[PDB]
Number of protein chains: 2
Amino acid sequence: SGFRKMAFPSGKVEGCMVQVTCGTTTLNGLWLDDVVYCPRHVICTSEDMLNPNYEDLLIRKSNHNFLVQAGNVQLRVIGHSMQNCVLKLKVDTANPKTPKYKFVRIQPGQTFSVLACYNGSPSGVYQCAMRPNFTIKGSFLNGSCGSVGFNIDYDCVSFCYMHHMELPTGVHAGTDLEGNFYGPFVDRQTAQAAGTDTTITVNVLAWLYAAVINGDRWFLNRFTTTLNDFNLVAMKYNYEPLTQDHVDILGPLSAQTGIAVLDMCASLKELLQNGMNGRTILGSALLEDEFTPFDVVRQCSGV
Amino acid sequence: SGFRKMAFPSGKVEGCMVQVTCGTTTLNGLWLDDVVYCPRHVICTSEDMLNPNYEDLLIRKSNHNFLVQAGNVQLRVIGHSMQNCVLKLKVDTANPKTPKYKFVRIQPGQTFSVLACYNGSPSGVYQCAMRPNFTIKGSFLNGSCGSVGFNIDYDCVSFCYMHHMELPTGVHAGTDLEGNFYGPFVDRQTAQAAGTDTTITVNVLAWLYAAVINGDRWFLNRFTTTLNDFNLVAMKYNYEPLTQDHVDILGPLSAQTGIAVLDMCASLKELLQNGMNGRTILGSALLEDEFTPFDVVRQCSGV
Ligand SMILES: *C(=O)[C@H](C[C@@H]1CCCNC1=O)NC(=O)[C@@H](NC(=O)/C=C/c1ccccc1)[C@@H](C)CC
Ligand SMILES: *C(=O)[C@H](C[C@@H]1CCCNC1=O)NC(=O)[C@@H](NC(=O)/C=C/c1ccccc1)[C@@H](C)CC
């Protein structure tokens with residue numbers, strides 16, 4: 001029993017973190033086989049942060065402009081190239097700790113574990129969700145760029161995020177490991193801001209099922225609702241529409257608890273319209289939306 | 001910027017987890033040097049869960065009654081002994097992945113990272129606090145016994161918790177790594193229940209400072225309070241008394257924000273008496289008490 005925001009064990013990723021320096025800028029790199037991946041903005045000066053032509057800046061760089069340190073071992077860069085907003089630094093040594101891995105891009109509403117790093121050394125690990133507006137609500141200080149987000153399936157690491165920047169609202173923006181940004185953000189200095197966010201309805205329902213599995217039942221009721229009547233209420237409260245695919249995805253949790261999905265939707269409608277009246281669910285006074293149905297099943301296996 | 005419940009990187013501990021079987025019971029063990037540590041209740045049958053004499057049960061056991069598997073490598077047990085509520089199984093091989101480590105017992109109000117494991121294999125990592133009533137609010141299913149809690153300082157792992165059981169309220173109980181329980185709990189089947197808990201006041205104040213550092217300021221006010229007038233209110237709301245040592249410990253966060261500790265106490269008194277009126281702090285609608293002053297400083301270094 002119990003339900004916590006749980007990250008994947010970080011060991012396999014810790015073995016891939018290195019330190020990358022160019023000029024006076026130091027950040028983190030990801031060392032897989034004989035390539036080190038890092039944010040391309042490592043090559044910029046703050047004389048260049050305004051309208052950097054990254055192509056121009058990179059043609060002016062050489063292999064020896066990049067210092068890569070793995071612990072207290074210097075790796076020799078023997079090649080460099082740009083892949084969208086990430087740099088690929090070919091080094092003379094394959095990482096002996098390379099796990100089985102994939103580069104996957106995730107969807108808004110999906111979760112992943114972040115290994116926050118500074119100077120190539122891991123600091124902590126926590127769980128994030130990709131928001132509908134393609135930001136993440138993380139914990140990142142200067143020097144954290146190049147920290148990565150990931151999921152593990154059996155013992156294959158699916159890397160899905162590399163950290164690049166913080167927005168004025170305090171949320172965070174980055175790329176997949178092919179260097180393609182999540183969302184309409186750019187690695188150049190603008191007034192860029194997060195677009196309007198919404199609540200991930202299917203996740204809130206998943207977390208309500210987690211609560212039932214863990215013995216929190218006070219929000220349940222007799223009522224059921226139609227999918228269309230629910231979505232009418234969800235729209236009003238800045239919740240994403242619930243699709244029939246979402247209903248299908250919640251099937252296993254519905255079966256385990258004996259609570260039909262549209263029954264739980266009726267509980268959610270009442271929570272949205274009346275609040276909790278000073279009660280809590282799984283220790284929270286807010287409806288939580290950063291647990292996927294998978295996060296719930298994986299953690300609530302046998303309560 | 002940003003503030004998250006952050007765990008320590010788990011790599012150093014993942015390398016120490018093994019699987020321990022005795023009879024039909026399998027749980028997790030911690031493999032350090034040539035010793036494997038696990039809960040002594042591994043030797044019990046459910047014919048014995050009522051009033052086990054652990055001394056009696058252990059004298060009837062032999063080395064070959066204990067199967068220890070490290071990945072897909074069998075370790076030979078060459079010695080066994082009881083240390084309070086933990087078993088020490090001497091094995092024929094020192095763990096080559098043994099980190100620098102300490103066995104430390106923590107205080108209520110302190111935090112640590114838990115590496116949840118099943119069958120010797122890590123599942124996830126999350127942060128816990130030791131509650132004033134010596135329980136922890138974790139996420140543990142059957143098979144998780146022997147999972148450990150820990151902190152890291154530089155690259156020394158201070159193990160502080162081994163998991164033994166779940167209470168009827170859904171909270172969790174265990175021992176330090178010397179086998180001594182936290183709290184008045186026993187590894188035998190009783191009606192044992194958690195005593196009454198309280199809120200960790202110094203941690204709530206630390207988290208309010210974290211919020212200010214991260215730009216949440218709406219709860220601040222002009223008022224200051226005396227320590228005694230604050231503690232009068234804290235008592236009324238099931239908060240622990242604030243000591244002058246607590247005030248001193250909050251010094252660095254007070255200096256960084258320019259907000260005197262007794263000023264923040266006045267904010268807390270008002271929050272306790274009036275609630276938040278539908279606002280949130282660092283994403284929470286409740287006052288959070290599972291971040292220590294250290295957790296805040298370490299994470300909010302340079303905002
Ligand atoms: C790389 O380590 C940093 C990480 C940032 C630093 C600020 C604190 N939190 C982080 O995640 N990346 C950068 O410094 C990039 N720029 C920004 O993050 C922009 C911050 C900002 C600018 C203007 C208004 C509000 C906020 C640099 C590399 C440019 C892409
Ligand atoms: C070891 O893996 C388990 C872990 C438990 C199992 C239940 C689910 N969550 C856990 O943490 N330890 C035990 O099974 C011990 N007993 C209990 O946890 C008691 C559960 C309980 C009993 C009576 C009323 C309410 C709850 C065994 C080994 C006895 C110490």
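Throughout, protein chains are lettered first and strands after them, A, B, ... in sequence-line order, and every chain is numbered starting at 1.
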At what distance, to the nearest 0.5 angstrom, does [atom1] of [X] lie from [atom2] of [Y]?
X         : Y         : atom1 : atom2 : answer
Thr190(B) : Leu50(B)  : OG1   : CG    : 10.0 Å
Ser1(A)   : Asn142(B) : OG    : CG    : 12.5 Å
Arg76(B)  : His64(B)  : CZ    : NE2   : 12.5 Å
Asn214(A) : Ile281(A) : CG    : CD1   : 12.5 Å
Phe159(B) : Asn151(B) : CZ    : CG    : 11.0 Å
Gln19(A)  : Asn72(A)  : CD    : CG    : 10.5 Å

More than 12 heavy atoms from other groups under 6.0 Å of NZ on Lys61(B):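 Yes - once you tally the heavy atoms of other residues, nucleotides and ligands closer than 6.0 Å, there are more than 12.
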
Counting C-beta onward and ignoring hydrogens, is there a side-chain heavy-atom pair between [X] and [Y] closer than 4.5 Å?
X         : Y         : answer
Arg105(B) : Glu178(B) : no
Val114(A) : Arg4(B)   : no
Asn84(A)  : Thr175(A) : no
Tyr161(A) : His172(A) : yes
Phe112(A) : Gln127(A) : no
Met130(A) : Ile136(A) : yes
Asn203(A) : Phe291(A) : no
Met17(B)  : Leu30(B)  : yes

Pair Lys5(B) + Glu290(A): basic N to acidic O under 4.0 Å: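 Looking at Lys5(B) and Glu290(A), the cut-off is not met.
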
Electrostatic pair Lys100(B):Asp153(B) at N-O distance under 4.0 angstrom: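 Result for this pair is no, no salt bridge flagged.
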
What are the two closest non-hydrogen atoms of [X] and [Y], and how far apart are they?
X         : Y         : result
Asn28(A)  : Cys117(A) : ND2-O, 2.9 Å
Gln299(A) : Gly2(A)   : OE1-O, 3.9 Å
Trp31(A)  : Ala70(A)  : CZ3-CB, 3.6 Å
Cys38(A)  : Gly29(A)  : CB-CA, 4.2 Å
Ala194(B) : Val171(B) : CB-CG2, 4.4 Å
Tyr182(A) : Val104(A) : OH-O, 4.1 Å

Donor-acceptor contact below 3.5 Å, side chain [X] vs main chain [Y]:
X         : Y         : answer
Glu14(B)  : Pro122(B) : no
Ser10(A)  : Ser10(B)  : yes
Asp216(A) : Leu282(A) : yes
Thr98(A)  : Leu32(A)  : no
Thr26(A)  : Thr21(A)  : no
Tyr209(A) : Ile259(A) : yes
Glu288(A) : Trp207(A) : no

Partner set under side chain to side chain contact (heavy atoms under 4.5 Å, CB included) for [X], not counting sequence neighbours:
X         : result
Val202(A) : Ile200(A), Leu242(A), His246(A), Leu250(A), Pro293(A)
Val77(B)  : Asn63(B), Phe66(B), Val68(B), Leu89(B), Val91(B)
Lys90(A)  : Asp34(A), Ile78(A)

No-hydrogen, no-angle side-chain donor-acceptor test under 3.5 Å, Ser121(A) and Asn119(A):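 Side chains of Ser121(A) and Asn119(A): no pair found under 3.5 Å.
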
Audit row: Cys16(B), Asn95(B), side-chain contact (heavy atoms from CB on, under 4.5 Å) steps and yes/no: CA-CA 7 Å; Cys16(B) 308; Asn95(B) 184 356; 4.2 Å; yes

Test side-chain contact (heavy atoms from CB on, under 4.5 Å) applied to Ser113(B) and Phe150(B), step by step: CA-CA 5 Å; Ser113(B) 305; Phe150(B) 65 95; 3.9 Å; yes

side-chain contact (heavy atoms from CB on, under 4.5 Å) assessment of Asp176(B) paired with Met162(B): CA-CA 6 Å; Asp176(B) 61 30; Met162(B) 181 168 271; over 6 Å; no

Cation-pi, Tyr54(B) ring and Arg40(B) (6.0 angstrom, 45 degrees):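 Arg40(B) over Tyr54(B) ring: yes.
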
side-chain contact (heavy atoms from CB on, under 4.5 Å) between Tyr118(A) and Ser144(A), intermediate numbers included: CA-CA 5 Å; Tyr118(A) 301 86; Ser144(A) 60; 3.5 Å; yes

Step-by-step ring-ring contact (aromatic ring centres under 6.0 Å, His included) determination, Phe181(A) to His164(A): CA-CA 9 Å; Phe181(A) 261 92; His164(A) 289 243; 5.1 Å; yes

